[PDB]
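Novice: A single structure is presented below for examination.
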Amino acid sequence: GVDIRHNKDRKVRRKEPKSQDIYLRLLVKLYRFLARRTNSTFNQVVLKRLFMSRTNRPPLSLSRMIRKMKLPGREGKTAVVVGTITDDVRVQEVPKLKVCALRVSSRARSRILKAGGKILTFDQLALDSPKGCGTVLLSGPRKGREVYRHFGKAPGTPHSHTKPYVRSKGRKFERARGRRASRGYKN
Amino acid sequence: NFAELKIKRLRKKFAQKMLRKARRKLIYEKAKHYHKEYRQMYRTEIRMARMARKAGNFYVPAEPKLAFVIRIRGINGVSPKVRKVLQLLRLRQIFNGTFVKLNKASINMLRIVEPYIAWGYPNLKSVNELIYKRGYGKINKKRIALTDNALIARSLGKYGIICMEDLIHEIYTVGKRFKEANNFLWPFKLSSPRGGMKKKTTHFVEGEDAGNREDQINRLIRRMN
Amino acid sequence: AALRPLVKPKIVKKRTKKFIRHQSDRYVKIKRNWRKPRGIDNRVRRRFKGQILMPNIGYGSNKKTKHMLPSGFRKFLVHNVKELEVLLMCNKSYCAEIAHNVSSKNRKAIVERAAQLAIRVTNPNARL
Amino acid sequence: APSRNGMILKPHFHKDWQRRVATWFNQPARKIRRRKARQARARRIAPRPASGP
Amino acid sequence: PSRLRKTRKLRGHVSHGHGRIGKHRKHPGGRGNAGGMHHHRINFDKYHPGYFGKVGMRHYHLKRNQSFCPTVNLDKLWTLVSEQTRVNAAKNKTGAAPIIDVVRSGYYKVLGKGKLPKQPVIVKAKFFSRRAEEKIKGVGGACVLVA
Amino acid sequence: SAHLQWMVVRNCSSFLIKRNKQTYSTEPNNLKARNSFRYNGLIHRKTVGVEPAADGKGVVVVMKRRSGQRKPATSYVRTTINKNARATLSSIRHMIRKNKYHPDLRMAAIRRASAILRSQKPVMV
RNA sequence: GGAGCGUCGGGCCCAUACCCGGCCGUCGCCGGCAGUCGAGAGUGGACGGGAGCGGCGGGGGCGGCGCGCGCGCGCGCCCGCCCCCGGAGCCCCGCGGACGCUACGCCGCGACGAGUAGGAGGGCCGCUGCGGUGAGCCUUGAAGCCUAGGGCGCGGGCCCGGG
RNA sequence: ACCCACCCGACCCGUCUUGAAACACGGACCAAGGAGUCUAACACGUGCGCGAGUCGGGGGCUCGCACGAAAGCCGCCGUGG
RNA sequence: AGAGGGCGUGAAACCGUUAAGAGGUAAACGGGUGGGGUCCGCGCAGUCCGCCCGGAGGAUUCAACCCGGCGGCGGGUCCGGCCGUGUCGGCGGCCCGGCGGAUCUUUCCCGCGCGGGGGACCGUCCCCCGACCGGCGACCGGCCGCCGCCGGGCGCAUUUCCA
Ligand SMILES: [Mg+2]
Ligand SMILES: [Mg+2]
Ligand SMILES: [Mg+2]
Ligand SMILES: [Mg+2]
Ligand SMILES: [Mg+2]
Ligand SMILES: [Mg+2]
Ligand SMILES: [Mg+2]
Ligand SMILES: [Mg+2]
Ligand SMILES: [Mg+2]
Ligand SMILES: [Mg+2]
Ligand SMILES: [Mg+2]
Ligand SMILES: [Mg+2]
Ligand SMILES: [Mg+2]
Ligand SMILES: [Mg+2]
Ligand SMILES: [Mg+2]
Ligand SMILES: [Mg+2]
Ligand SMILES: [Mg+2]
Ligand SMILES: [Mg+2]
Ligand SMILES: [Mg+2]
Ligand SMILES: [Mg+2]
Ligand SMILES: [Mg+2]
Ligand SMILES: [Mg+2]
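As you go down the protein sequences, you meet chains Q, F, e, L, a and r in turn.
Using the authors' numbering, the final residue of the first sequence is 188, and nothing's skipped along the way.
Using the authors' numbering, the final residue of the second sequence is 250, and nothing's skipped along the way.
Using the authors' numbering, the final residue of the third sequence is 129, and nothing's skipped along the way.
Using the authors' numbering, the final residue of the fourth sequence is 54, and nothing's skipped along the way.
Using the authors' numbering, the final residue of the fifth sequence is 148, and nothing's skipped along the way.
Using the authors' numbering, the final residue of the sixth sequence is 126, and nothing's skipped along the way.
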């Protein structure tokens with residue numbers, strides 16, 4: 002008899018993508034290979050991200066991709082995003098970029114290409130740079146989802162600012178006993 | 026193209042074979058030295074006492090540096106403070122053992138697990154027999170048997186420890202690099218004690234097997250290793 | 002002089018008797034078919050000494066000889082002639098079973114074809 | 002009983018609602034019927050706009 | 002797809018995943034939002050702070066269309082018009098400034114979030130913010146009230 | 002591609018046949034009857050297939066052109082070899098090895114031909 | 001003259017505990033393999049001038065970074081070569097690559113495996129009907145039924161023989 | 001795998017229970033039947049499509065529906081959510 | 001009629017018999033052997049096949065080699081032409097290229113400041129040839145090399161067959 006807890010012996014990370022789609026799975030076959038045979042950890046990070054959920058690979062807006070490449074020095078590079086590239090209607094002038102993405106929305110595609118931008122697929126990125134050399138690996142804001150505003154220290158727990166799940170906002174949906182001082186108390 | 030490369034590859038081949046020979050010769054001389062070192066250690070303890078005894082004097086030799094610690098009772102109904110220390114000595118299963126350098130900190134940790142272990146001061150031969158018969162590396166967290174020095178070297182060679190013999194000298198003299206050589210060794214899975222024990226549950230002093238038995242840990246080692 | 006398989010190792014089985022279902026002996030309503038007991042007290046399900054055994058993955062077959070017939074082959078249940086020609090390039094490792102529902106005319110048609118291709122049949126001398 | 006976080010929600014299934022469930026298996030059959038009836042009315046008001054006034 | 006659901010995997014087991022000390026009885030809490038004050042209170046007042054109690058003024062015959070006032074931010078004002086108004090402008094050389102009827106596009110108020118590009122406009126709208134006005138002037142434009 | 006359409010097909014094709022813990026495949030110009038990527042007649046730009054001759058004597062090799070698949074009528078190109086066993090193999094060998102065509106296959110193609118030439122002779126006692 | 005009681009020896013007895021080995025599964029390994037040298041790896045390769053038995057004349061270190069299977073060499077004859085795998089013949093081969101590669105595949109190393117309530121995963125386990133699909137099976141005998149017949153699977157179960 | 005013998009092991013299941021072989025209840029035997037369903041609402045997770053949008057209803061245009069009460073299309077494509 | 005008028009199939013409980021075996025600790029069960037039965041596989045030697053080789057016997061025809069024909073592959077000179085990506089030149093399709101636009105013009109036209117249609121303009125989609133480059137599985141034609149098949153020749157130190 003041995004004393005170990007077998008409690009957290011199984012690591013819960015993903016191995017493959019849970020999706021069954023065939024084009025992504027080909028990318029996975031390609032980046033598994035590169036991951037293992039190259040020294041590049043870029044390939045490993047990319048590989049890891051191909052297995053993740055929709056939630057877990059959030060969309061990267063065009064404006065966010067602009068400003069991250071506006072940063073000093075990462076000039077004449079390629080931005081990479083395992084998610085999708087979306088438009089920003091609240092940005093106007095779009096520099097000529099180099100981009101990798103699993104998806105780019107039709108607007109975002111036009112705007113970039115009109116600028117003299119190049120768009121790449123991930124099979125194309127590999128041939129272009131199999132060890133991820135000269136890349137900017139970005140990500141969309143993970144904690145964008147409105148979901149997260151309900152997460153945390155519960156509402157009605159002093160110093161929480163945590164959206165309650167409520168049928169409809171309005172004068173008479175919550176905001177009585179436990180928010181006003183006038184009505185019982187407040188947190 | 027062809028005959029130039031071939032000779033270059035043959036040259037390479039040879040430069041390896043030369044180096045192999047060299048490192049082998051180092052190993053061979055390192056042992057020979059350690060043979061002389063242990064001889065010198067043994068005699069020069071007797072030397073001392075005889076010289077005290079010549080005068081009306083005493084030679085109180087050094088208190089021991091290093092001790093082997095065997096877990097001699099099982100893994101049921103064991104107090105949480107004991108249990109923690111037993112898994113700070115890596116003594117998880119029953120009849121696992123470890124070398125342990127002694128000092129105020131270490132000794133007291135053995136004091137908190139006394140009726141759960143048999144321990145004491147191993148012989149030279151004990152350190153050899155344990156290492157050669159049951160010497161297993163921790164090599165990428167896989168218990169792997171020390172079949173060659175290429176294993177020991179690969180892991181401990183950044184300390185000057187390049188062979189089984191070096192390892193034995195680091196363990197037995199409790200060198201600078203003891204912590205790292207001792208942790209490299211996977212804890213010794215020894216069999217049951219042949220000829221049996223006296224009594225599991227009681228201390229050595231009082232007839233049983235537990236606690237410090239100092240010199241006599243070596244007898245137990247032989248009947249288990 | 003039957004068709005020898007490529008390699009005829011020693012199959013070695015961990016357990017030969019069927020695991021049978023608790024109290025299938027006592028009752029005609031209970032069938033031999035194994036069922037794990039879920040009873041709160043249950044001699045069997047809590048592994049007492051002297052009781053019927055519970056199947057584990059412990060009893061599992063060795064992967065080399067799992068599904069290996071005594072003869073050394075694995076079955077493959079052929080349904081008509083066309084379906085045989087698959088085995089053409091195995092023959093030394095797989096044999097052909099013919100199905101129960103196949104007629105005694107075309108049972109014959111299969112058997113002679115397998116005899117050309119040297120695929121061993123596991124129920125040939127039968128329908129007649 | 003509520004369990005840890007969720008909309009404290011009021012469904013209106015306390016009356017005998019299954020007595021008054023109104024299915025829509027008609028609707029295709031309906032949609033046609035209107036459409037026939039529509040084409041008939043055109044044909045009746047011969048050169049007049051199908052629209053109406 | 003019953004095939005996939007949990008009751009298929011519970012077949013054989015006695016309690017059906019509801020335990021055997023306590024069982025699956027009918028309504029052990031009370032039905033629904035029962036006990037909001039008593040015996041379910043803690044859940045109510047640690048996930049629904051402010052359920053209980055009145056507050057504010059009643060309003061009898063509310064009609065929502067009176068208070069209809071959909072807003073738009075300067076952020077994306079140029080989005081309302083075809084790019085070639087924003088292009089034929091930063092060009093032209095008359096200092097023209099094209100009109101943007103915001104009420105046409107379905108927003109009544111113009112609030113002031115965001116940077117407006119240095120490029121004159123005439124924004125026609127039912128209502129404006131203070132800041133939205135200011136930003137518009139700073140671009141070198143003119144806010145315009147409409148009924 | 003080859004790989005893309007293997008993704009579409011791997012588990013669903015009419016030619017496949019699971020059952021009895023094995024799997025197989027019945028698509029034509031698959032020597033070895035495997036539901037493999039390698040050994041699949043339909044998928045690959047260059048294909049080998051060694052069937053027996055309809056005569057009952059001999060073997061047919063079945064190359065695929067590359068000229069134009071899209072036009073299956075013209076795509077495969079058959080060739081009977083009805084020669085002294087040892088020769089037959091060598092002709093197949095050269096077809097495969099010295100044309101640099103489907104080099105992966107080739108030994109499987111030889112064993113198939115061999116087994117076919119086993120098939121067609123006086124049987125037994 | 002214990003087969004009693006107190007003190008102590010040797011010796012022997014056996015648990016699912018410990019050790020070694022087999023086999024099954026699970027976990028872990030930034031695990032390996034989409035076809036390459038390489039085992040404390042501590043380089044490889046142009047290419048130009050100047051030359052040659054020269055070399056890089058550094059620690060009782062006991063040694064790893066440098067040395068004795070060649071660097072230049074045997075052949076063509078001090079000068080030239082030091083040549084190509086469609087052929088070096090291979091323990092490594094960078095020219096092309098499994099018997100192997102259903103990449104949801106295949107392979108290797110370690111570790112571990114009680115379980116109610118409960119949870120999750122996988123079931124080429126099982127039932128009935130639908131779209132597809134098996135140039136499936138079936139009066140030369142389907143379903144069901146029965147079987148001291150033959151087997152497979154850890155098992156749910158399954159397949160064959162005879163009736 | 002049928003029967004028999006012998007050595008060792010071995011109390012009857014289900015269940016509520018801190019505790020069941022119980023002097024606790026249910027159960028003579030066999031066959032068939034027999035219990036976590038569906039709708040609605042919410043939340044989180046996951047898969048797919050599109051993405052500052054998205055959406056399909058409801059309605060309409062295309063057929064006697066064999067398959068269709070499907071399928072397709074709509075400045076209705078967005079009244080509206 | 002092993003379908004006989006409540007009759008297709010005809011399970012189990014339960015009963016009768018026939019056969020076999022047992023029998024003082026209620027039966028039944030798990031593990032482990034033994035004995036007997038039932039069938040099943042044999043063998044009237046199972047010495048099981050397959051390569052390659054050596055020998056001694058018979059056997060027909062060819063490999064090797066060219067020659068003629070067909071088909072296939074691969075290649076570069078991209079040689080010649082079709083093919084298409086990125087770029088530049090034609091402002092050439094632009095009206096013989098259409099849609100879209102809150103871009104413009106009511107110098108226009110038609111219908112009643114508005115609707116429809118022109119006409120500018122911008123965005124997008126197509127012709128002409130030249131140049132550079134990815135020369136891309138997107139194809140043809142010749143030439144080359146290699147492979148395979150058919151037919152010619154090659155009569156036997158080759159060539160398969162058979163025992
Ligand atoms: Mg556990
Ligand atoms: Mg205890
Ligand atoms: Mg105790
Ligand atoms: Mg209990
Ligand atoms: Mg109307
Ligand atoms: Mg539950
Ligand atoms: Mg219950
Ligand atoms: Mg409860
Ligand atoms: Mg377990
Ligand atoms: Mg359970
Ligand atoms: Mg109770
Ligand atoms: Mg009680
Ligand atoms: Mg009980
Ligand atoms: Mg009692
Ligand atoms: Mg009761
Ligand atoms: Mg009763
Ligand atoms: Mg039933
Ligand atoms: Mg969701
Ligand atoms: Mg009848
Ligand atoms: Mg009847
Ligand atoms: Mg009937
Ligand atoms: Mg009798």
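Beta carbons: idealized from backbone N, C-alpha and C, even for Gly.
Would you kindly check if the distance between the Cβ of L114(Q) and the Cβ of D88(Q) is under 7 Å?
Specialist: Against a cut-off of 7 Å, the Cβ pair of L114(Q) and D88(Q) comes out as no contact.
Novice: Locate the beta strand (DSSP E) running through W7(r), then write down its first and last residues.
Specialist: Taken as a continuous stretch (DSSP letters only), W7(r) belongs to no beta strand (DSSP E), being part of the alpha helix (DSSP H) at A3 to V10.
Novice: Quick one, which of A143(a), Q120(a) and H14(a) has its alpha-carbon nearest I41(e)'s?
Specialist: Per the Cα distances, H14(a).
Novice: Need the endpoints of the beta strand (DSSP E) that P53(r) sits in, please.
Specialist: Counting along the chain, the beta strand (DSSP E) containing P53(r) begins and ends at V51 to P53.
Novice: Report the rounded CA-to-CA distance for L43(r) versus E28(r), giving the unit in angstroms.
Specialist: Going from the Cα of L43(r) to the Cα of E28(r) covers about 7 Å.
Novice: The alpha helix (DSSP H) spanning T80(r) covers which residue range?
Specialist: Run containing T80(r): none in the alpha helix (DSSP H); it sits in the beta strand (DSSP E), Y77 to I82.
Novice: With three or more beta-carbon pairs closer than 8 Å as the criterion, would you say the region 13 to 21 of chain Q touches the region 37 to 56 of chain Q?
Specialist: Counting Cβ pairs under 8 Å, three or more are found: they touch.
Novice: Nearest CA to the CA of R96(F): which residue from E231(F), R72(F) and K225(F)?
Specialist: It is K225(F).
Novice: Chain Q beta carbons: is any one of them nearer than 7 Å to that of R117(F)?
Specialist: Closer than 7 Å to some Cβ of chain Q, the Cβ of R117(F) qualifies, so yes.
Novice: Against chain Q, does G53(L) count as a neighbour if the rule is that its beta carbon must be under 7 Å from one of theirs?
Specialist: For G53(L), the answer is no, since every Cβ of chain Q falls outside 7 Å of its Cβ.
Novice: Assuming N208(F) is part of the alpha helix (DSSP H), what are its boundary residues?
Specialist: It spans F203 to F209 - the alpha helix (DSSP H) in which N208(F) sits, taken as one unbroken run.
Novice: Of all the CB atoms in chain Q, is at least one closer than 7 Å to the CB of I100(F)?
Specialist: With 7 Å as the cut-off, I100(F) counts as an interface residue toward chain Q.
Novice: May I ask which residues mark the beginning and end of the alpha helix (DSSP H) holding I137(a)?
Specialist: Unbroken alpha helix (DSSP H) run through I137(a): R131 to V140.
Novice: Which residues share a DSSP beta bridge with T24(L)?
Specialist: According to DSSP, which records beta bridges pairwise, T24(L) is partnered with nothing at all.
Novice: Pull up the distance between the alpha-carbon of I18(r) and that of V51(r), whole angstroms please.
Specialist: If you take the alpha carbons of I18(r) and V51(r), they lie about 20 Å apart.
Novice: Using 7 Å as the limit for Cβ to Cβ distance, is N27(L) near chain a?
Specialist: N27(L) does not count as touching chain a.
Novice: When you compare each of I52(F), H58(F) and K214(F) to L116(F) by their alpha carbons, which one comes out closest?
Specialist: Measuring from the Cα of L116(F), the nearest candidate turns out to be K214(F).
Novice: Do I169(F) and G162(F) come within 7 Å of each other at the CB atom, strictly closer than that value?
Specialist: Yes, they are a contact pair.
Novice: Of all the CB atoms in chain a, is at least one closer than 7 Å to the CB of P3(L)?
Specialist: Closer than 7 Å: yes.
Novice: Short of 9 Å Cβ to Cβ, which residues in the region 24 to 45 of chain e face chain a?
Specialist: Listed by position, the residues of the region 24 to 45 of chain e near chain a (Cβ gap below 9 Å) are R36, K37, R39, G40 and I41.
Novice: Can we count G23(a) as close to ligand 8, meaning its CB is less than 6 Å from some heavy atom?
Specialist: The answer is yes for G23(a).
Novice: Near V103(F), which residues of its chain fall below 8 Å by C-beta distance, leaving aside the five closest residues on each side in sequence?
Specialist: Closer than 8 Å at the Cβ level, and outside the excluded window around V103(F), lie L111 and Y141.
Novice: Starting from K163(F), follow the beta strand (DSSP E) in both directions and report where the run begins and ends.
Specialist: Counting along the chain, the beta strand (DSSP E) containing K163(F) begins and ends at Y161 to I164.
Novice: Could you tell me if the beta carbon of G13(a) falls within a distance shorter than 6 Å of some heavy atom in ligand 6?
Specialist: Incorrect: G13(a) has no Cβ contact closer than 6 Å to ligand 6.
Novice: So which residues on chain r does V87(e) lean against when the C-beta distance must stay under 9 Å?
Specialist: Ordered by position in chain r, the residues that pass the 9 Å Cβ test against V87(e) are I18, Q23, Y25, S26, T27 and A34.
Novice: In angstroms with no decimal places, state the Cα-to-Cα distance between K72(r) and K47(r).
Specialist: Near 14 Å, if we compare the C-alpha coordinates of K47(r) and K72(r).
Novice: Pick helix, strand or coil for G122(F), following the three-state DSSP scheme.
Specialist: In the structure shown, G122(F) sits in a strand (DSSP, three-state: E or B).
Novice: Got a sec: is the Cβ-Cβ distance from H49(a) to anything in chain L below 7 Å?
Specialist: Interface residue, yes.
Novice: What does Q52(e) reach in chain r if we use C-beta pairs closer than 9 Å?
Specialist: Neighbours of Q52(e) on chain r: none; closest Cβ ~32 Å, over 9 Å.
Novice: Among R178(Q), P159(Q), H160(Q) and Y149(Q), which has the Cα closest to the Cα of residue 1(Q)?
Specialist: The structure shown does not extend to residue 1(Q), since chain Q is modelled only from 2 through 188, so no value can be given for it.
Novice: By the criterion of Cβ-Cβ separation under 8 Å, what are the contact partners of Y95(e) in chain r?
Specialist: Neighbours of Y95(e) on chain r, chain order: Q23.
Novice: Taking only the alpha-carbon atoms, compute the straight-line gap between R46(e) and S94(e) and give it to the nearest angstrom.
Specialist: For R46(e) and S94(e), the distance between alpha carbons rounds to 40 Å.
Novice: Let me check understanding here. Comparing Cα to Cα, which of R105(a), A91(a), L112(a) and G107(a) lies closest to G141(a)?
Specialist: Checking every option, the nearest Cα to that of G141(a) belongs to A91(a).
Novice: I'd like to know whether the C-beta atoms of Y48(a) and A155(Q) end up nearer to each other than 7 Å.
Specialist: Yes; because the gap between Cβ atoms is below 7 Å, this pair is in contact.
Novice: Determine whether the Cβ of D4(Q) lies closer than 7 Å to any Cβ atom of chain F.
Specialist: It does; some Cβ of chain F falls within 7 Å.
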